[PDB]
């Protein structure tokens, strides 16, 4: 279930020499993939200079009524991201914003964090280690959020070789954190990156099965929405490991989101991973390096090794309290360093996780932390909400809220 390598630099030299032999024309393949990424980069910059946003936008009512056309789905799968509006009523989402604020003010969350290490003393928090607020629990179990997540999961190819790699019609809940960012606040440093593994995409054999069409030279056949092999990838044991397989990451806007307001940026290129994988196999890269990728860190995309992709960094469309935005698990994303806007940028991290044997194993340990009010196993054991006034319990759960947490009822 996990990857174990003692000497990583030596393994990189061995694997790169192994990949270069199986693909002796690795430079010819890269310059053709670069041509496919270049035209997408230029198409993205055409829209931004024109007044449009390259991130596709949909309304939740269109999804629920079944009005999404096949061309809208093809644009989501090519961009690898989607902003979905009106998932929750704006009146409730704006109230959810002030409920979490009162939830933190009531239990004195600021002083608790300080009282709970010099490096811990440094860490004005903007990402909050709370997981069981009433707005968080209620939004995960909303029927409109569930229908949206079912639609996103049905964009994937779930079946191959007589095997259903996940259930796109069943949804599980992955408890995550929340973000509250005020204007003129300090940057976090979330440079363009990809979550879910870094050098493991080259070293682990299960990862190379997902990207087998890239390493074989037939890059045109690589589908970022093919589920085969993705729940079986191995990562290094690190705090940056998500125990669940998420088809789409995403959050819900508690406050209006604006450009140059310290909010999310994305590179809307679904197959950008093909460019990154073949980039590290070129000759201007040292034999022991995979373009700065490090174990235990998110796969970084920089101006030094990927100047073409940096040109396509696009802000997300303007959102209101109640709109959501999702992006593929291989999509490069980042957060604006400065918040020069007026309204704060508060979001709730709520991804889209389908049912599979891998995700089902995480539910019992996740539910145990909910009943206790502790932190989920994938996060630092802060256990802030153990004695919190107003913490959401099982009494706050609906029938959908219990089926998605593994509760049998």
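Residue numbers count along the first chain shown, from 1.
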Between residues given as residue 116 and residue 117, how many of the deposited sequence are not built: none, 1 to 3, 4 to 9, or 10 or more?
1 to 3
Unmodelled deposited residues between residue 123 and residue 124, binned:
1 to 3
Averaging C-alpha B-factors over each stretch, which comes out higher, 212-220 or 81-89?
212-220
For the higher mean C-alpha B factor in the entry, choose 379-387 or 346-354.
379-387
Whose CA atom has the top B-factor in the entry, of 152, 291, 95, 281?
95
From the list 173, 324, 257, 206, select the residue with the highest C-alpha B factor recorded in the entry.
206
Ranked by Cα temperature factor within the chain, is residue 127 in the lowest third, the middle third or the highest third?
highest
Using only modelled residues of the chain, where does the Cα B factor of residue 398 rank: lowest third, middle third or highest third?
highest
Which third of the chain does residue 15 land in by C-alpha B-factor: lowest, middle or highest?
middle
Ranked against its chain, the third holding the CA B-factor of residue 318:
lowest
Using only modelled residues of the chain, where does the Cα B factor of residue 99 rank: lowest third, middle third or highest third?
highest
